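For reference, structure.csv (CSV, N, CA and C atoms):
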chain,number,residue,atom,x,y,z
A,1,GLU,N,-0.1,7.8,-17.3
A,1,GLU,CA,1.4,7.6,-17.5
A,1,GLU,C,1.7,6.2,-17.2
A,2,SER,N,1.2,5.6,-16.2
A,2,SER,CA,1.5,4.2,-15.8
A,2,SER,C,0.5,3.7,-14.9
A,3,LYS,N,0.5,4.2,-13.7
A,3,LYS,CA,-0.6,3.7,-12.7
A,3,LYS,C,-1.4,4.9,-12.2
A,4,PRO,N,-2.3,5.3,-13.1
A,4,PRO,CA,-3.2,6.4,-12.8
A,4,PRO,C,-4.3,6.1,-11.8
A,5,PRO,N,-4.8,4.9,-11.7
A,5,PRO,CA,-5.9,4.5,-10.8
A,5,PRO,C,-5.3,4.4,-9.3
A,6,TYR,N,-4.6,3.4,-9.1
A,6,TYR,CA,-4.0,3.2,-7.7
A,6,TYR,C,-2.7,4.0,-7.6
A,7,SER,N,-2.5,4.6,-6.4
A,7,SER,CA,-1.3,5.4,-6.2
A,7,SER,C,-0.4,4.7,-5.2
A,8,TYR,N,0.8,5.1,-5.1
A,8,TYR,CA,1.8,4.4,-4.1
A,8,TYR,C,1.4,4.8,-2.7
A,9,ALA,N,0.2,4.6,-2.3
A,9,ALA,CA,-0.2,5.0,-0.9
A,9,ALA,C,-1.6,4.4,-0.7
A,10,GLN,N,-2.4,4.5,-1.7
A,10,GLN,CA,-3.8,3.9,-1.7
A,10,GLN,C,-3.6,2.5,-2.3
A,11,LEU,N,-2.7,2.3,-3.2
A,11,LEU,CA,-2.4,1.0,-3.7
A,11,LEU,C,-2.0,0.1,-2.6
A,12,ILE,N,-1.2,0.6,-1.7
A,12,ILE,CA,-0.8,-0.2,-0.5
A,12,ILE,C,-2.1,-0.6,0.3
A,13,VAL,N,-2.9,0.4,0.5
A,13,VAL,CA,-4.2,0.1,1.3
A,13,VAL,C,-4.8,-1.2,0.8
A,14,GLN,N,-5.2,-1.2,-0.5
A,14,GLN,CA,-5.9,-2.4,-1.0
A,14,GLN,C,-4.9,-3.5,-0.8
A,15,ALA,N,-3.6,-3.2,-0.8
A,15,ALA,CA,-2.6,-4.3,-0.7
A,15,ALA,C,-2.6,-4.8,0.8
A,16,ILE,N,-2.5,-3.9,1.7
A,16,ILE,CA,-2.5,-4.3,3.2
A,16,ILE,C,-4.0,-4.5,3.6
A,17,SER,N,-4.8,-3.5,3.4
A,17,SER,CA,-6.2,-3.6,3.9
A,17,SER,C,-6.9,-4.9,3.3
A,18,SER,N,-6.7,-5.1,2.0
A,18,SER,CA,-7.3,-6.3,1.4
A,18,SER,C,-6.5,-7.6,1.8
A,19,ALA,N,-5.3,-7.4,2.4
A,19,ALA,CA,-4.5,-8.5,2.7
A,19,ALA,C,-5.1,-9.3,3.9
A,20,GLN,N,-4.5,-10.4,4.3
A,20,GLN,CA,-5.1,-11.2,5.4
A,20,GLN,C,-5.6,-10.3,6.5
A,21,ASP,N,-4.8,-9.9,7.4
A,21,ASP,CA,-5.2,-9.0,8.5
A,21,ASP,C,-5.1,-7.5,8.0
A,22,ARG,N,-4.0,-7.0,7.9
A,22,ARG,CA,-3.8,-5.6,7.5
A,22,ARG,C,-2.3,-5.2,7.4
A,23,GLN,N,-1.5,-6.1,7.1
A,23,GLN,CA,0.0,-5.8,7.1
A,23,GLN,C,0.6,-6.4,5.8
A,24,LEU,N,1.6,-5.7,5.2
A,24,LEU,CA,2.3,-6.3,4.0
A,24,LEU,C,3.8,-6.1,4.1
A,25,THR,N,4.5,-6.9,3.5
A,25,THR,CA,6.0,-6.7,3.5
A,25,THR,C,6.4,-6.0,2.2
A,26,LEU,N,7.6,-5.5,2.2
A,26,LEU,CA,8.0,-4.8,0.9
A,26,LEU,C,7.7,-5.7,-0.3
A,27,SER,N,8.1,-6.9,-0.3
A,27,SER,CA,7.8,-7.8,-1.5
A,27,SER,C,6.4,-8.4,-1.3
A,28,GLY,N,5.7,-7.9,-0.4
A,28,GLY,CA,4.3,-8.4,-0.1
A,28,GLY,C,3.3,-7.5,-0.8
A,29,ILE,N,3.4,-6.2,-0.6
A,29,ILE,CA,2.6,-5.2,-1.2
A,29,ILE,C,2.7,-5.4,-2.7
A,30,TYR,N,3.8,-5.8,-3.2
A,30,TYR,CA,4.0,-6.0,-4.6
A,30,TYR,C,3.3,-7.2,-5.1
A,31,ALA,N,3.6,-8.3,-4.5
A,31,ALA,CA,2.9,-9.6,-5.0
A,31,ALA,C,1.4,-9.4,-4.8
A,32,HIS,N,1.0,-8.4,-4.0
A,32,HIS,CA,-0.5,-8.2,-3.7
A,32,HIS,C,-1.1,-7.5,-4.9
A,33,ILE,N,-0.7,-6.3,-5.2
A,33,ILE,CA,-1.3,-5.5,-6.3
A,33,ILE,C,-1.2,-6.3,-7.6
A,34,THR,N,-0.1,-6.8,-8.0
A,34,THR,CA,0.0,-7.6,-9.3
A,34,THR,C,-1.0,-8.8,-9.2
A,35,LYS,N,-1.4,-9.1,-8.0
A,35,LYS,CA,-2.4,-10.3,-7.8
A,35,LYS,C,-3.8,-9.9,-8.3
A,36,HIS,N,-4.2,-8.7,-7.9
A,36,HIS,CA,-5.6,-8.3,-8.3
A,36,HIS,C,-5.4,-7.2,-9.4
A,37,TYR,N,-4.3,-6.6,-9.5
A,37,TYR,CA,-4.1,-5.6,-10.6
A,37,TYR,C,-3.4,-6.2,-11.8
A,38,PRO,N,-4.1,-6.1,-12.9
A,38,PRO,CA,-3.6,-6.7,-14.2
A,38,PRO,C,-2.6,-5.8,-14.8
A,39,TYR,N,-2.3,-4.7,-14.2
A,39,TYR,CA,-1.2,-3.8,-14.8
A,39,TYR,C,0.1,-4.2,-14.3
A,40,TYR,N,0.3,-4.4,-13.0
A,40,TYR,CA,1.7,-4.8,-12.5
A,40,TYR,C,1.9,-6.3,-12.8
A,41,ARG,N,2.7,-6.6,-13.8
A,41,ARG,CA,3.0,-8.1,-14.1
A,41,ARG,C,4.3,-8.2,-14.8
A,42,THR,N,4.6,-7.4,-15.7
A,42,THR,CA,5.9,-7.5,-16.5
A,42,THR,C,6.6,-6.1,-16.5
A,43,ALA,N,6.4,-5.3,-15.4
A,43,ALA,CA,7.1,-4.0,-15.4
A,43,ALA,C,7.1,-3.5,-13.9
A,44,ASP,N,8.2,-3.3,-13.3
A,44,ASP,CA,8.3,-2.9,-11.9
A,44,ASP,C,9.6,-2.1,-11.6
A,45,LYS,N,10.1,-1.4,-12.6
A,45,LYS,CA,11.3,-0.7,-12.4
A,45,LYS,C,11.0,0.8,-12.0
A,46,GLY,N,10.2,0.9,-11.0
A,46,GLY,CA,9.8,2.3,-10.5
A,46,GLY,C,9.1,2.2,-9.2
A,47,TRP,N,7.9,1.9,-9.2
A,47,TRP,CA,7.1,1.8,-7.9
A,47,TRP,C,7.8,0.8,-6.9
A,48,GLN,N,8.7,0.0,-7.4
A,48,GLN,CA,9.4,-0.9,-6.5
A,48,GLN,C,10.0,-0.2,-5.3
A,49,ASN,N,10.9,0.7,-5.5
A,49,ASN,CA,11.5,1.4,-4.4
A,49,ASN,C,10.5,2.5,-3.9
A,50,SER,N,9.6,2.8,-4.7
A,50,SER,CA,8.6,3.9,-4.4
A,50,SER,C,7.8,3.4,-3.1
A,51,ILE,N,7.1,2.3,-3.2
A,51,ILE,CA,6.3,1.8,-2.1
A,51,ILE,C,7.1,1.9,-0.8
A,52,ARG,N,8.3,1.3,-0.8
A,52,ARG,CA,9.2,1.4,0.4
A,52,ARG,C,9.3,2.9,0.8
A,53,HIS,N,9.4,3.8,-0.1
A,53,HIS,CA,9.5,5.2,0.2
A,53,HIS,C,8.1,5.8,0.5
A,54,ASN,N,7.1,5.2,-0.1
A,54,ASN,CA,5.7,5.7,0.2
A,54,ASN,C,5.3,5.3,1.6
A,55,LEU,N,5.6,4.1,1.9
A,55,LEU,CA,5.2,3.6,3.3
A,55,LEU,C,5.7,4.5,4.3
A,56,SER,N,6.7,5.3,4.0
A,56,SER,CA,7.3,6.3,5.0
A,56,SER,C,6.5,7.6,4.9
A,57,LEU,N,6.4,8.2,3.8
A,57,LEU,CA,5.7,9.5,3.7
A,57,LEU,C,4.2,9.2,3.9
A,58,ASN,N,3.7,8.1,3.4
A,58,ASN,CA,2.2,7.9,3.6
A,58,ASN,C,1.8,8.2,5.1
A,59,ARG,N,0.7,8.9,5.3
A,59,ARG,CA,0.3,9.2,6.7
A,59,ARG,C,-0.6,8.1,7.3
A,60,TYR,N,-1.2,7.4,6.5
A,60,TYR,CA,-2.1,6.3,7.1
A,60,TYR,C,-1.4,4.9,7.0
A,61,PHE,N,-0.1,4.8,7.2
A,61,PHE,CA,0.6,3.5,7.1
A,61,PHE,C,1.6,3.4,8.2
A,62,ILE,N,1.8,2.2,8.7
A,62,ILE,CA,2.8,2.1,9.8
A,62,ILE,C,3.4,0.7,9.7
A,63,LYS,N,4.3,0.3,10.6
A,63,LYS,CA,4.9,-1.0,10.6
A,63,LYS,C,4.1,-2.0,11.6
A,64,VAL,N,4.3,-3.3,11.4
A,64,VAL,CA,3.5,-4.2,12.3
A,64,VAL,C,4.1,-4.3,13.7
A,65,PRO,N,5.4,-4.1,13.9
A,65,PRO,CA,6.1,-4.1,15.2
A,65,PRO,C,5.9,-2.8,15.9
A,66,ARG,N,6.4,-2.7,17.1
A,66,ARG,CA,6.2,-1.5,17.9
A,66,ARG,C,6.8,-0.3,17.2
A,67,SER,N,8.1,-0.3,17.0
A,67,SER,CA,8.7,0.8,16.2
A,67,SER,C,10.0,0.4,15.6
A,68,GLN,N,10.8,-0.5,16.3
A,68,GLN,CA,12.1,-1.0,15.8
A,68,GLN,C,11.8,-2.1,14.8
A,69,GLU,N,12.4,-2.1,13.7
A,69,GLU,CA,12.2,-3.2,12.7
A,69,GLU,C,12.6,-4.5,13.3
A,70,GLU,N,11.9,-5.6,13.1
A,70,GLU,CA,12.2,-6.9,13.7
A,70,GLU,C,11.6,-8.0,12.8
A,71,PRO,N,12.3,-8.5,11.9
A,71,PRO,CA,11.8,-9.6,11.0
A,71,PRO,C,11.8,-10.9,11.7
A,72,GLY,N,11.0,-11.8,11.3
A,72,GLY,CA,10.9,-13.2,12.0
A,72,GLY,C,9.8,-14.0,11.3
A,73,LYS,N,9.1,-14.7,12.1
A,73,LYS,CA,8.0,-15.6,11.5
A,73,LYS,C,7.0,-14.7,10.8
A,74,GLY,N,6.8,-13.5,11.2
A,74,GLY,CA,5.8,-12.5,10.6
A,74,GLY,C,6.2,-11.1,11.0
A,75,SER,N,6.5,-10.3,10.1
A,75,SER,CA,6.8,-8.9,10.4
A,75,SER,C,6.8,-8.0,9.1
A,76,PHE,N,5.8,-7.2,8.9
A,76,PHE,CA,5.8,-6.4,7.7
A,76,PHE,C,5.1,-5.0,8.0
A,77,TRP,N,4.7,-4.3,7.0
A,77,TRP,CA,4.0,-3.0,7.1
A,77,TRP,C,2.6,-3.2,7.5
A,78,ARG,N,1.9,-2.1,7.9
A,78,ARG,CA,0.5,-2.2,8.2
A,78,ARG,C,-0.1,-0.8,8.1
A,79,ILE,N,-1.4,-0.7,7.9
A,79,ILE,CA,-2.1,0.6,7.8
A,79,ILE,C,-2.7,1.0,9.1
A,80,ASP,N,-2.9,2.3,9.4
A,80,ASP,CA,-3.5,2.7,10.7
A,80,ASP,C,-4.9,2.1,10.8
A,81,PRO,N,-5.4,1.9,12.0
A,81,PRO,CA,-6.7,1.3,12.3
A,81,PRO,C,-7.8,2.4,12.1
A,82,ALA,N,-7.6,3.5,12.8
A,82,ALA,CA,-8.7,4.6,12.7
A,82,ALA,C,-8.5,5.3,11.4
A,83,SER,N,-7.5,4.9,10.6
A,83,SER,CA,-7.3,5.6,9.3
A,83,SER,C,-7.9,4.6,8.2
A,84,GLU,N,-8.1,3.4,8.6
A,84,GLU,CA,-8.6,2.4,7.6
A,84,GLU,C,-9.9,2.9,6.9
A,85,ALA,N,-11.0,3.0,7.6
A,85,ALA,CA,-12.2,3.5,7.0
A,85,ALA,C,-11.9,4.7,6.2
A,86,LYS,N,-10.9,5.5,6.5
A,86,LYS,CA,-10.6,6.7,5.8
A,86,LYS,C,-9.7,6.3,4.6
A,87,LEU,N,-8.6,5.6,4.8
A,87,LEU,CA,-7.7,5.3,3.6
A,87,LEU,C,-8.5,4.4,2.6
A,88,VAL,N,-9.0,3.3,3.1
A,88,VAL,CA,-9.8,2.4,2.3
A,88,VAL,C,-10.7,3.1,1.4
A,89,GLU,N,-11.2,4.3,1.9
A,89,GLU,CA,-12.2,5.1,1.1
A,89,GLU,C,-11.5,5.3,-0.3
A,90,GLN,N,-10.3,5.5,-0.3
A,90,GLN,CA,-9.6,5.7,-1.7
A,90,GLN,C,-9.2,4.4,-2.2
A,91,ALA,N,-9.1,3.4,-1.3
A,91,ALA,CA,-8.7,2.0,-1.8
A,91,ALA,C,-9.9,1.3,-2.4
A,92,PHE,N,-11.1,1.6,-2.0
A,92,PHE,CA,-12.3,1.0,-2.6
A,92,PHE,C,-12.6,1.7,-3.9
A,93,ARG,N,-12.2,2.9,-4.1
A,93,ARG,CA,-12.5,3.7,-5.3
A,93,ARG,C,-11.3,4.0,-6.0
A,94,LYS,N,-11.4,4.7,-7.2
A,94,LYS,CA,-10.1,5.0,-7.9
A,94,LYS,C,-9.5,6.3,-7.3
A,95,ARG,N,-8.5,6.8,-7.9
A,95,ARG,CA,-7.8,8.0,-7.4
A,95,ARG,C,-8.8,9.2,-7.5
A,96,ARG,N,-9.2,9.8,-6.4
A,96,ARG,CA,-10.0,11.0,-6.5
A,96,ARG,C,-9.4,12.1,-5.7
A,97,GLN,N,-9.5,13.4,-6.1
A,97,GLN,CA,-9.0,14.5,-5.4
A,97,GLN,C,-10.0,15.6,-5.3
A,98,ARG,N,-11.2,15.3,-5.2
A,98,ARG,CA,-12.3,16.4,-5.1
A,98,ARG,C,-12.2,17.0,-3.7
A,99,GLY,N,-12.0,16.2,-2.7
A,99,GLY,CA,-11.9,16.8,-1.3
A,99,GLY,C,-11.3,15.8,-0.4
A,100,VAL,N,-10.0,15.6,-0.4
A,100,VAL,CA,-9.4,14.7,0.5
A,100,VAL,C,-7.9,15.0,0.7
A,101,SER,N,-7.6,16.3,0.7
A,101,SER,CA,-6.2,16.7,0.9
A,101,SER,C,-5.3,16.0,-0.2

Do you think you could lay out the structure here as structure tokens?
Amino acid sequence: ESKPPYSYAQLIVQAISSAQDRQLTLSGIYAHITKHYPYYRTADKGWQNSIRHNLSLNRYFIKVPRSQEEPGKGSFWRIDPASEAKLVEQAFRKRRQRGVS
């Protein structure tokens, strides 16, 4: 339909996991995928608010600060550490649902 390979949860992983350390901002995860993904470039009237909503429902994603939002010289989203080797598993490969909840 549009983004069948990366999903608004694993797409973030390659976005944050493949990012400098492991954190991305709302407009960071976006500039990230369109950077390595040749699909996101002239169309974003959908996953835009999705990611923000996905970063919430996603189970292996969190914010860089303790818990309260606090923007400054550096403050964005981030993926869990012990969930990385797990999430990235879907970030290094395409969307698979053979056995991964």

Query raised in the report: Given the choices A:51, A:62, A:57, A:79, which gets closest to residue 91 of chain A if the distance is worked out from only C-alpha atoms?
Result: A:79

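Across A:75, A:10, A:20, A:49, the tightest approach to residue 87 of chain A is made by A:10 when counting all atoms listed in the file.
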
Query - One-decimal distance in Å that lies between atom CA of residue 97 of chain A and atom CA of residue 27 of chain A - result: 28.2 Å

Query raised in the report: Just asking: which residues within chain A are strand (DSSP E) according to DSSP, as a PyMOL selection string?
Result: chain A and resi 23-24+61-63+77-79

Requested in this report: Counting all atoms listed in the file, write as a list in words all protein and nucleic acid residues lying at most 8 Å from (-2.5, 2.5, 12.0) in the file's frame.
Outcome: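 Protein and nucleic acid residues near the point are residues 59, 60, 61, 62, 63, 78, 79, 80, 81, 82, 83 and 84 of chain A.
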
Query - helix (DSSP H, G or I) call set, DSSP backbone run, segment 8-93 of chain A, as a ChimeraX atom specification - result: /A:10-16,26-36,47-57,84-92

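Nearest to residue 16 of chain A of all the residues A:3, A:32, A:93, A:66 is A:32, counting only N, CA and C atoms.
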
Query - Atom pair atom CA of residue 50 of chain A / atom CA of residue 88 of chain A: separation (Å) - result: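 One can read the atom CA of residue 50 of chain A to atom CA of residue 88 of chain A distance as 19.6 Å.
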
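Put simply, atom CA of residue 101 of chain A is 17.5 Å away from atom N of residue 56 of chain A.
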
Query raised in the report: For residue 8 of chain A, which of A:22, A:45, A:35, A:52 is the closest residue, counting only N, CA and C atoms?
Result: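 Nearest to residue 8 of chain A: A:52.
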
Report task. May I have the residues within 10 Å of residue 28 of chain A as an NGL selection string, using only C-alpha atoms and disregarding those fewer than 2 positions away in the same chain? Result -> :A and (12 or 15-16 or 19 or 23-26 or 30-33 or 76-77)

For the selection you just gave me, I'd like the residues written to a file as a PDB file, in the coordinates of the input, keeping N, CA and C atoms.
ATOM      1  N   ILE A  12      -1.200   0.600  -1.700  1.00  0.00           N
ATOM      2  CA  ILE A  12      -0.800  -0.200  -0.500  1.00  0.00           C
ATOM      3  C   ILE A  12      -2.100  -0.600   0.300  1.00  0.00           C
ATOM      4  N   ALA A  15      -3.600  -3.200  -0.800  1.00  0.00           N
ATOM      5  CA  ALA A  15      -2.600  -4.300  -0.700  1.00  0.00           C
ATOM      6  C   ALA A  15      -2.600  -4.800   0.800  1.00  0.00           C
ATOM      7  N   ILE A  16      -2.500  -3.900   1.700  1.00  0.00           N
ATOM      8  CA  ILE A  16      -2.500  -4.300   3.200  1.00  0.00           C
ATOM      9  C   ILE A  16      -4.000  -4.500   3.600  1.00  0.00           C
ATOM     10  N   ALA A  19      -5.300  -7.400   2.400  1.00  0.00           N
ATOM     11  CA  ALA A  19      -4.500  -8.500   2.700  1.00  0.00           C
ATOM     12  C   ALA A  19      -5.100  -9.300   3.900  1.00  0.00           C
ATOM     13  N   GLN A  23      -1.500  -6.100   7.100  1.00  0.00           N
ATOM     14  CA  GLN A  23       0.000  -5.800   7.100  1.00  0.00           C
ATOM     15  C   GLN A  23       0.600  -6.400   5.800  1.00  0.00           C
ATOM     16  N   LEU A  24       1.600  -5.700   5.200  1.00  0.00           N
ATOM     17  CA  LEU A  24       2.300  -6.300   4.000  1.00  0.00           C
ATOM     18  C   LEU A  24       3.800  -6.100   4.100  1.00  0.00           C
ATOM     19  N   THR A  25       4.500  -6.900   3.500  1.00  0.00           N
ATOM     20  CA  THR A  25       6.000  -6.700   3.500  1.00  0.00           C
ATOM     21  C   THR A  25       6.400  -6.000   2.200  1.00  0.00           C
ATOM     22  N   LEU A  26       7.600  -5.500   2.200  1.00  0.00           N
ATOM     23  CA  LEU A  26       8.000  -4.800   0.900  1.00  0.00           C
ATOM     24  C   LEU A  26       7.700  -5.700  -0.300  1.00  0.00           C
ATOM     25  N   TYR A  30       3.800  -5.800  -3.200  1.00  0.00           N
ATOM     26  CA  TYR A  30       4.000  -6.000  -4.600  1.00  0.00           C
ATOM     27  C   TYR A  30       3.300  -7.200  -5.100  1.00  0.00           C
ATOM     28  N   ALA A  31       3.600  -8.300  -4.500  1.00  0.00           N
ATOM     29  CA  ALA A  31       2.900  -9.600  -5.000  1.00  0.00           C
ATOM     30  C   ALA A  31       1.400  -9.400  -4.800  1.00  0.00           C
ATOM     31  N   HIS A  32       1.000  -8.400  -4.000  1.00  0.00           N
ATOM     32  CA  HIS A  32      -0.500  -8.200  -3.700  1.00  0.00           C
ATOM     33  C   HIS A  32      -1.100  -7.500  -4.900  1.00  0.00           C
ATOM     34  N   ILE A  33      -0.700  -6.300  -5.200  1.00  0.00           N
ATOM     35  CA  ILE A  33      -1.300  -5.500  -6.300  1.00  0.00           C
ATOM     36  C   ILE A  33      -1.200  -6.300  -7.600  1.00  0.00           C
ATOM     37  N   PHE A  76       5.800  -7.200   8.900  1.00  0.00           N
ATOM     38  CA  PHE A  76       5.800  -6.400   7.700  1.00  0.00           C
ATOM     39  C   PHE A  76       5.100  -5.000   8.000  1.00  0.00           C
ATOM     40  N   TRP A  77       4.700  -4.300   7.000  1.00  0.00           N
ATOM     41  CA  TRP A  77       4.000  -3.000   7.100  1.00  0.00           C
ATOM     42  C   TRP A  77       2.600  -3.200   7.500  1.00  0.00           C
TER      43      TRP A  77
END

Query raised in the report: In terms of the shortest atom-to-atom distance over all atoms listed in the file, which of A:41, A:89, A:9, A:100 is closest to residue 54 of chain A?
Result: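 Among the listed residues, the smallest separation from residue 54 of chain A belongs to A:9.
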